[PDB]
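# Topology and contacts: notes
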Amino acid sequence: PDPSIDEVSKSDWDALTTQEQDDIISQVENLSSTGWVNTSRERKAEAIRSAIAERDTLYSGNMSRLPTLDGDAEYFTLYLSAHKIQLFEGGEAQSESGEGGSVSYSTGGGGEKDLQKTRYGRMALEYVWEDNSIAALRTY
Amino acid sequence: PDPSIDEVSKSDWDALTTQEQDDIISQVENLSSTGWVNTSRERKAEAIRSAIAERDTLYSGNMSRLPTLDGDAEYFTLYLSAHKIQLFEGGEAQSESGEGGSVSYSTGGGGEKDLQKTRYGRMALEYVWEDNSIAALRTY
Amino acid sequence: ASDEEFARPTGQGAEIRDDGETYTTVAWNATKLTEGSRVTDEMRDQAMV
Amino acid sequence: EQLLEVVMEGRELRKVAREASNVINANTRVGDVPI
Amino acid sequence: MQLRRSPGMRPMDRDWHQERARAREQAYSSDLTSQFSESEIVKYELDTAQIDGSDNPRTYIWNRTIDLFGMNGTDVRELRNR
Amino acid sequence: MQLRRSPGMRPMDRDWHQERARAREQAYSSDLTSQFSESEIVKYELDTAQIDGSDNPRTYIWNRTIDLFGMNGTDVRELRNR
Amino acid sequence: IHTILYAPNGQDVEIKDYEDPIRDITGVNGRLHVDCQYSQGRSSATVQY
Amino acid sequence: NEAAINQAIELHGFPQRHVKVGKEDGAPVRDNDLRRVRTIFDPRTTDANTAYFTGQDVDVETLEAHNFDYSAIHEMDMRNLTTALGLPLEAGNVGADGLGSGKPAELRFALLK
Amino acid sequence: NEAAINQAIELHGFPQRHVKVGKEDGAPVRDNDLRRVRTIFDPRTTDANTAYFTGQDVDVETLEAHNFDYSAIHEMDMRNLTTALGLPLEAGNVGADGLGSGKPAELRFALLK
Amino acid sequence: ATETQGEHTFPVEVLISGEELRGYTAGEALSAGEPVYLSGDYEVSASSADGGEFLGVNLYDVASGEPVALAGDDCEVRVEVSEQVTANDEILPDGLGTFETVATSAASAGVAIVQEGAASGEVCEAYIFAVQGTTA
Amino acid sequence: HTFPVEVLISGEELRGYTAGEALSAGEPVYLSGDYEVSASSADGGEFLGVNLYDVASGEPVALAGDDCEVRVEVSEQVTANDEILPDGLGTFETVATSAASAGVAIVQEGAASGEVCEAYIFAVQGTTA
Amino acid sequence: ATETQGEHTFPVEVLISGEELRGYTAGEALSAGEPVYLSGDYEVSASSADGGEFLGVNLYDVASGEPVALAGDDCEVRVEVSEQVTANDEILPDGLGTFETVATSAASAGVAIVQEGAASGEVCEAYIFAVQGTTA
Amino acid sequence: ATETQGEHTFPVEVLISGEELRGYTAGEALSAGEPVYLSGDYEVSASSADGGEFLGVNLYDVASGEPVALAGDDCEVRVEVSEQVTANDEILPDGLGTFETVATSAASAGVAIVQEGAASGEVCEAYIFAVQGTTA
Ligand SMILES: [K+]
Ligand SMILES: [K+]
Ligand SMILES: [K+]
Ligand SMILES: [K+]
Ligand SMILES: [Mg+2]
Ligand SMILES: [Mg+2]
Ligand SMILES: [Mg+2]
Ligand SMILES: [Mg+2]
Ligand SMILES: [Mg+2]
Ligand SMILES: [Mg+2]
Ligand SMILES: [Mg+2]
Ligand SMILES: [Mg+2]
Ligand SMILES: [Mg+2]
Ligand SMILES: [Mg+2]
Ligand SMILES: [Mg+2]
C-alpha cells in the first residue's frame with residue numbers, strides 16, 4: 001500500500017482516504033485464505049485501527065536500548081490486525097464439521113495470554129521479543 | 001528460480017516481474033503435495049514477502065561470530081514461506097474426515113511457539129539453532 | 001565562564017534576582033603528528049657524525 | 001621419565017682463511033689497497 | 001537559580017566530564033542513537049562530544065578466530081611504527 | 001621459520017620422544033588405526049616408531065580368571081630363566 | 001590561547017630509536033598528539049594588510 | 001610453579017561479572033543486542049555504588065574467585081628450593097611449625113654453621 | 001612420590017575454566033562453532049577484571065582445584081628418608097609434634113651424637 | 001535560549017526569581033524554557049498552541065520519563081517569544097516551545113506578563129502569574 | 001541506518017590518508033586526490049582499503065589495506081573462497097556479480113545478503129583505463 | 001620435500017622468509033608444503049589444478065580437523081614443482097601437492113614467482129605474491 | 001631521482017613506508033628507483049616495457065654482480081615517471097628505468113598505484129601492490 005501500515009499512527013489512519021484504508025484492509029485480508037469475507041468492512045477497519053493504536057502504545061519504545069519491535073513493523077501490524085479480526089469472529093476454530101466433511105486443527109494447549117490464543121497472535125509475538133522483559137538501566 | 005528466494009529482500013521482491021515471483025511461488029508450492037491450490041496468488045505472494053521480511057529482521061545477525069541462519073538460506077526461506085501459507089489455510093490439519101474416509105496425523109503436542117505449530121515451521125527451526133541463545137561477548 | 005555583568009537597581013525589601021555564573025566549553029581534539037627515518041647499521045657505523 | 005639429552009652433529013667443514021691469508025679488518029665496507 | 005541538570009551548569013559537573021569520557025571510550029560509531037540511552041544523550045549532551053569510536057581501544061585490538069602466535073589482544077597503536 | 005609441529009623440528013621436541021615412548025608401551029599390535037587417534041599418528045609420526053606390542057608390560061603379565069597361588073601379576077621377562 | 005598536548009604514556013613528546021635485527025636498520029620514530037584552542041578569541045586581533 | 005601461580009592468580013584470584021540476557025527457553029539475543037548490554041554493564045566504567053534496574057529477564061551472575069591455596073604451593077616450592085641449596089627455610093621468607101624453637105632450631109643452625 | 005606430587009599440582013593444584021555451549025537437549029554445537037567461543041574466553045588474553053555478556057545458553061563452569069594433602073605426603077616421604085639415613089627429621093626442613101622439647105629432644109640428639 | 005559572547009554561545013539561566021519549584025515526570029522529551037501542561041497523573045508534556053494547557057516552564061533538558069523541575073506561577077523567567085512583545089503584554093504558550101501574546105493567540109487571557117520587551121525569536125523576561133487547564 | 005562495527009580482525013597494514021568526504025567504519029575507499037580517499041564506485045577501478053572508524057570530511061583517516069583481515073557488509077550472499085570487491089553502495093559484492101574479473105578481498109566466513117562477512121584483503125585497484 | 005645427507009633424509013624448512021603466518025582448520029589430512037585454499041569457513045583443503053583455489057602453503061602435517069599454520073602471500077617458500085621451472089616463471093597449484101607453471105596450466109595468472117629454478121620433482125624457491133578465489 | 005633546495009640537489013629517498021625489503025644479485029648496473037625483474041636465480045635486471053617483468057624497485061645504486069636491496073609489494077615509494085600521473089593511476093615499468101601508466105602501456109594491469117601525482121620526468125609517490133612474472 002502507498003502509505004504503509006507501519007507509516008501511519010491512529011490519527012493518521014483516521015485521516016487516510018477510503019481507498020488508502022481499503023488498500024491496507026486488502027493487504028490484511030491476504031493473511032487468511034478465507035479473507036474473512038463474511039465480516040463487514042467496519043469491523044476490519046476497527047481491527048486495523050486498534051492494531052495501530054496497540055502497536056504505538058503497548059509494543060513501542062526501547063528495552064536495553066534495543067527497539068521493542070525488533071521484527072518488520074509492517075508485518076507485525078498486519079499480524080496484530082489479523083489476530084484481532086480472528087478474535088472478532090470468535091477465535092481459532094479448533095474443529096469444524098458439517099455436510100462437506102470434518103476437520104480438526106493442531107491448535108493444542110495454547111497459553112493463557114491473548115497473543116498466544118491465535119496463530120496470527122503467535123506470529124506477531126515473535127516480532128516483539130516473545131513479550132520477554134529484557135530491559136536494563138544503570139545509575140550514572 | 002532465476003533470482004532465488006535467498007537473493008531477494010522485501011524491496012527486491014516488490015521490484016521483481018510477475019514471472020520472477022511466479023517462479024518462486026511455484027518452488028514454494030512444491031513443499032505441499034496439495035500445492036495449496038485453493039489459496040489465491042495474492043496470499044502466496046503475501047506469505048513469501050512476509051517470510052523474506054521476517055528472515056531479514058528476526059533470523060539475521062550473529063551469535064558469538066557464527067551466523068544465526070546456519071542452514072541453507074534458500075530452504076529456510078521456503079520452509080518459512082510454507083509455514084505462513086499453512087497458517088493462512090487455518091493451521092495443521094490434525095485430522096480430516098470426508099465421505100466415510102478418514103485420516104489422523106502425528107502432529108501432537110509439538111509446542112506452544114510460532115514455528116513449533118506446523119511441520120514446515122519445525123523444519124525451518126533447525127536452520128536457526130532451534131531458536132537457542134548461544135551468543136557471547138567480552139570486554140577488552 | 002560567562003562574561004562579567006552588572007548588578008541592578010533594587011527597592012528596599014524587594015526580592016534580589018538571580019544572575020548566576022553560566023558556563024560553556026571549548027572542545028579539543030588532539031591530532032597525532034608523526035615523523036620517522038631509517039638508517040642501516042653500515043651507514044650508522046661509517047658516517048663521521 | 002628418563003631421556004637422552006643429546007644431538008649428534010652434522011658434517012663440519014674445514015675453516016682456514018683467517019690463518020691462510022692476510023686479514024684486513026677494514027674501517028669501511030668499500031676501500032682500496034694501493035699497489 | 002541553577003540546578004545540576006540546567007544547561008548553563010553542565011560544564012561544572014564532574015559527572016558531565018566523567019560520563020562524556022566514558023562515552024568516547026565505549027563508542028563503536030558516531031551514530032549515538034544506535035548505542036546510548038535518550039537519557040544519556042540529553043543528560044551528557046553527547047551530540048556535542050566528538051564521539052566516533054576512534055577513542056575506543058577495541059577499534060585497534062586484534063581478535064582472530066584461530067591464533068597460533070598469541071597475537072590477539074595486541075593494540076596496533078602500541079606497535080613500534082605507531 | 002620452524003614451528004614445533006614442523007617436520008624438521010619433531011626430533012627436538014621433548015613431547016615427541018615422551019609420546020612415542022608412551023605409544024610403544026600402550027600397543028598390543030602394529031595396527032595403529034586400532035589403537036591411536038589419527039591426530040597422534042600424524043603428530044608423533046607413529047608409522048616410524050617400532051610399535052608392535054613387544055614393549056607393553058601387559059603382553060608379559062599373567063592374568064588368569066581364578067588365582068589360588070598368587071601367580072597373577074608376575075611378569076615373565078622377570079623370571080630366573082629369562 | 002592554549003596548546004594542548006596529549007601524552008598517552010605521560011612523556012610530552014615521544015621519540016623512539018629501535019633496531020630491526022631482521023634487516024639491520026635503526027628506525028627513529030617521533031609521535032605527538034596536539035591541538036590548539038582559544039579560550040577567548042576576543043583576547044586577540046590580527047593585523048591585516 | 002611460580003609462573004603457574006602468577007597466571008592462575010590473574011584468572012581465578014578475582015571475581016568476574018557474567019551478565020546473562022533473555023529468558024530461558026525465550027527469545028534469542030544476538031551479538032548486536034549484547035553490544036548494547038555490554039555498554040550498560042561495562043565494569044571498566046562502573047562506580048562502586050552503582051545501582052541496576054531491570055526487567056526479570058536479565059541476570060547479573062558472578063564467576064566467584066575460585067579458592068586454591070597458592071600460599072601452600074609457595075611454601076612447598078620454597079621448602080624444596082631452600083633444602084636443595086642447603087639454606088634453612090627461614091632464608092626464603094617462609095616459616096615452619098615446631099622448627100622455629102628449641103633443639104630443632106639448634107640442629108638446623110648447627111648444620112648451616 | 002616427589003614426581004607424583006609435582007604432576008598432581010600441575011593438573012589439580014589450580015582451577016580450570018570449562019565453558020559449556022548450547023542448551024541441554026537443544027541444537028548441537030560443532031568444533032568450528034566452539035572455536036569462536038574459545039576466542040572469547042581464552043585465558044591467554046583474559047585479564048583479572050574481564051567481564052562476559054551472554055545469552056542464557058552459554059555456561060561458564062569451573063573445574064575447582066581438587067584438594068589433596070601433598071604436605072602430609074611430603075612429611076611422610078621425608079620421615080621415611082631421614083629415618084632411613086639415620087638423620088633426625090629436623091634435617092629435612094620438616095617439623096614434628098611433641099618431639100621438639102623435653103626428654104624426647106634429649107634422646108634423639110643423644111642417638112645422633 | 002542563548003547569549004552570544006564572542007565565539008561562545010551561553011545558555012540563559014531560565015529562572016530569574018521565585019521559590020515555587022515543583023518536580024514532575026516527563027511525558028515526552030523536553031528542553032529548558034519550554035512551557036508544559038499536565039498530560040497524566042503528575043506527568044507533564046509540551047503545551048499546545050492556545051489556552052487550557054499550562055502548568056509551568058521546564059527548567060532543564062530531559063528524555064521521556066525523566067524527572068522534570070518546573071518553575072510554576074509566582075516565578076520570573078527568561079523565555080523566548082515567537083513575536084515582538086512589550087512590557088505589560090500578557091503572553092501564552094505558542095505550541096512551538098516559545099510564547100506569544102494573548103493578542104495574537106485565539107485565547108483571551110495569558111499565563112505570564114512581559115516585564116522586559118523582546119523582538120521575534122528573542123529572550124524576554126516575564127512573570128508567570130496563572131496556570132490554565134481543561135475548562136471545556 | 002545500519003552498523004557493521006569492530007571492523008579490524010587482524011593485520012599490521014594500517015596507513016593514513018585525508019578523508020575526501022564523510023566516511024564510515026568498514027566503508028571501501030579509493031584515491032580521489034593526493035593522499036585523499038573517497039568511497040569506492042561499483043566496477044573495480046577504485047579500491048585501496050577500508051576505513052577503520054567514522055570520520056568527517058577533511059579529517060585524517062586510518063585505512064586498513066591489503067594483508068589485512070576485516071569484517072565488511074556484503075550486499076549479496078557470499079561463501080568461503082568467494083572473491084569480493086566494492087559495490088558502489090558502501091557494501092562489497094562478489095566478482096561473479098560485478099562487471100569486473102578480479103577481486104580485492106577473499107571471503108573467509110560466509111554471509112547472507114546485507115550481513116557482515118569476514119574477509120582477507122589481498123589486492124588494490126586503480127585506473128587502468 | 002627432502003634433502004639427502006648420507007644415510008639421512010632431512011625435511012626442508014618450508015618457510016624461507018615472511019611474517020604472514022595465519023591459522024586455519026584442516027578440512028582434510030594435509031602435509032607440509034602442500035598448497036591449500038578455503039574449503040569452508042576458516043577451513044582449508046588441498047588446492048586443485050587450474051587456479052581459483054589458493055590461500056597459502058601448509059607448514060606442518062595434520063589430520064582432518066586439526067589447526068593448520070599457513071604461509072600466505074608476502075612469504076618466500078621452498079616448494080616442490082612437478083615440471084622444470086626457471087627464474088621469473090609464475091607458478092600455480094598443480095592439483096597434485098606440487099606447483100606447476102602458469103604456462104603449463106589452463107590459468108592466465110600465478111600465485112608465486114620462481115626465484116630459483118628447479119627440475120621436475122625438485123625443491124624450488126619462490127615468493128608468494130597473490131591468492132586466488134572463486135571469481136566465476 | 002633528485003630533490004632541489006635552492007642551491008643544492010639531494011638524492012631522493014626511494015622508500016616512504018614498508019618493510020618488504022629483499023636481497024638479490026644485480027645482473028647489470030642499476031640505479032636507485034629503477035624497476036627490476038628476475039633475470040636469473042636470485043638475480044635481478046632492469047624491467048623492460050609492457051609488463052611480465054617486475055619484482056620491485058632497486059633501493060640504491062649498484063654495479064653488475066653486487067648484492068642489491070629491493071622494495072617489493074606492500075612498500076610505499078618515491079619514483080620517477082615518464083609522463084604526467086594523477087592519484088589513483090596504476091603504473092608499471094616503461095622500459096626506460098622509470099614508470100608509466102597502465103593506460104599508456106600495452107599492458108592491462110599495473111604494479112603500483114599513484115598516491116601523489118607528478119609531471120613528466122618528475123617524482124610521484126606510489127604504493128607497490130603486485131609483482132609480474134613470465135606467464136606465457
Ligand atoms: K495562532
Ligand atoms: K552490477
Ligand atoms: K594441466
Ligand atoms: K609503449
Ligand atoms: Mg533484532
Ligand atoms: Mg553451522
Ligand atoms: Mg546582574
Ligand atoms: Mg547575563
Ligand atoms: Mg675505491
Ligand atoms: Mg522465537
Ligand atoms: Mg536439531
Ligand atoms: Mg518571588
Ligand atoms: Mg619479508
Ligand atoms: Mg606499509
Ligand atoms: Mg603484502
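Residues numbered from 1 in each chain as written, not as in the entry; some residues may be left out. Chains lettered and ligands numbered in written order. Part of a larger assembly, values for the part shown. Heavy atoms only, no water.

Its PDB header attributes the entry to cryo-EM and lists the resolution as 2.680 Å.

## A closer look at the overall build of chain D
Across its full length, chain D holds 1 helix and 0 strands. Sorting the 35 residues of chain D into buried and exposed places 0% on the buried side. With the model as given, the accessible surface of chain D reaches about 4400 Å², and the carbon-plus-sulfur share is 51%. Computing the positive centroid from 5 side-chain charges and the negative centroid from 6, chain D places the two 12 Å apart. (Helix = DSSP H or I, 4+ residues; strand = E, 2+ residues; numbered from the N terminus. Buried < 20%, exposed > 50% of the residue type's maximum accessible area, 1.4 Å probe, protein only. Areas by Shrake-Rupley, 256 points an atom, 1.4 Å probe, with all protein chains shown as cover. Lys, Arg positive; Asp, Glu negative; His and termini not counted. Charge placed at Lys NZ, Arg CZ, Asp CG, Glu CD.)

## Here we look at the overall build of chain J
Looking only at helices and strands, chain J features 0 helices and 13 strands. For chain J, the succession of helices and strands along the chain, N to C, is β-β-β-β-β-β-β-β-β-β-β-β-β. C-alpha extents for chain J along the principal axes are approximately 40 × 35 × 25 Å. Burial statistics for chain J: of 136 residues in total, 46% are counted as buried. A separation of at least 24 residues holds for 52% of the contacts in chain J among residues at least 6 apart in sequence. (Contact = heavy atoms within 4.5 Å.)

## Looking at the pattern of salt bridges
Summed over all chains, the structure comprises 69 salt bridges over all chains. Look at the salt bridges and you will find they share partners, linking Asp 72 and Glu 74 of chain A together with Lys 10, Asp 14 and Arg 49 of chain B into a network. (Salt bridge = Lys/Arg side-chain N within 4 Å of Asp/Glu carboxyl O.)

## Considering the interface of chain H and chain I
Every contact between the two is made by 48 residues of chain H and, on the other side, 40 residues of chain I. Overall, the association of chain H and chain I removes approximately 3700 Å² of surface from exposure, summing both partners, and the carbon and sulfur fraction of that is 62%. Taken together, the links from chain H to chain I amount to 2 salt bridges. Ionic pairing is found between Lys 20 of chain H and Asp 59 of chain I, a salt bridge with its closest N-O pair at 3.0 Å. Where chain H packs against chain I, one counts 16 residue pairs in polar contact. Secondary structure elements with two or more residues in the side of chain H that touches chain I: α1 (2-12), β1 (16-21), α2 (31-40), β3 (58-63), α3 (70-84) and α4 (102-112) of chain H. The greatest single-element share of the side of chain H that touches chain I, amounting to 7 residues, is contributed by α1 of chain H. (Buried area = accessible area lost by both parts, 1.4 Å probe. Polar contact = N/O pair within 3.5 Å; in protein donor to acceptor, adjacent residues only side chain to side chain.)

## Focus on the packing of helix α4 (residues 73-88) of chain A against helix α5 (residues 119-126) of chain A
All names here are of chain A. At their nearest, the axes of α4 and α5 sit 8 Å apart, and the two run at 155 degrees to each other. It follows that α4 is roughly antiparallel to α5 by the angle criterion. Pair α4 / α5 crosses with left-handed handedness. Here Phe 76, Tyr 79, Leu 80, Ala 82, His 83 and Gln 86 of α4 come into contact with α5, specifically with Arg 119, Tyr 120, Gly 121, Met 123 and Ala 124. When the residues that make up the contact of α4 with α5 are grouped by side-chain class, the tally is 7 nonpolar, 3 polar and 1 charged. (Axes fitted to C-alpha atoms, helices over the stretch in contact; angles between N-to-C directions. Parallel < 35°, antiparallel > 145°, perpendicular 65-115°, else oblique. Left-handed = near helix turned anticlockwise from the far one by under 90°. Nonpolar A, V, L, I, M, F, W, Y, C, P; charged D, E, K, R; others polar.)

## A word on the sheet that holds strand β3 (residues 95-98) of chain A
Taken together, the 4 strands give an open sheet; going across it, the order is β3(A)-β4(A)-β3(B)-β4(B), and neighbouring strands pair in antiparallel fashion. The open sheet has two edge strands with one neighbour each: β3 of chain A together with β4 (102-104) of chain B. Ignoring strand direction, the axes of neighbouring strands in this sheet form an average angle of 10 degrees. Of the pairings in the sheet, the one linking β3 of chain A to strand β4 (residues 101-105) of chain A comprises 4 bridges and is antiparallel in character. Along β4 of chain A, the bridge assignment pairs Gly 98 of chain A with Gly 101 of chain A. (Pairing = 2+ DSSP bridges.)

## Focus on the environment of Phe 36 of chain E
Tracing the backbone through its elements, the reader meets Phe 36 of chain E in the loop between α1 (14-26) and α2 (38-43). Discounting residues that sit within four places of it in the chain, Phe 36 of chain E has contacts with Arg 65 of chain A, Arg 22, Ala 23, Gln 26, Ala 27, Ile 41 and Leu 46 of chain E together with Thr 39 of chain H.

## A closer look at α4 of chain H
Listed as buried for α4 of chain H are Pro 104, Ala 105, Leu 107 and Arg 108 of chain H. Taken around the axis of α4 of chain H, the buried residues stretch over an arc of 160 degrees, which confines them to a single face. Taken together, the buried residues of α4 of chain H touch α4 (102-112) of chain I. (Arc of directions from axis to C-beta.)

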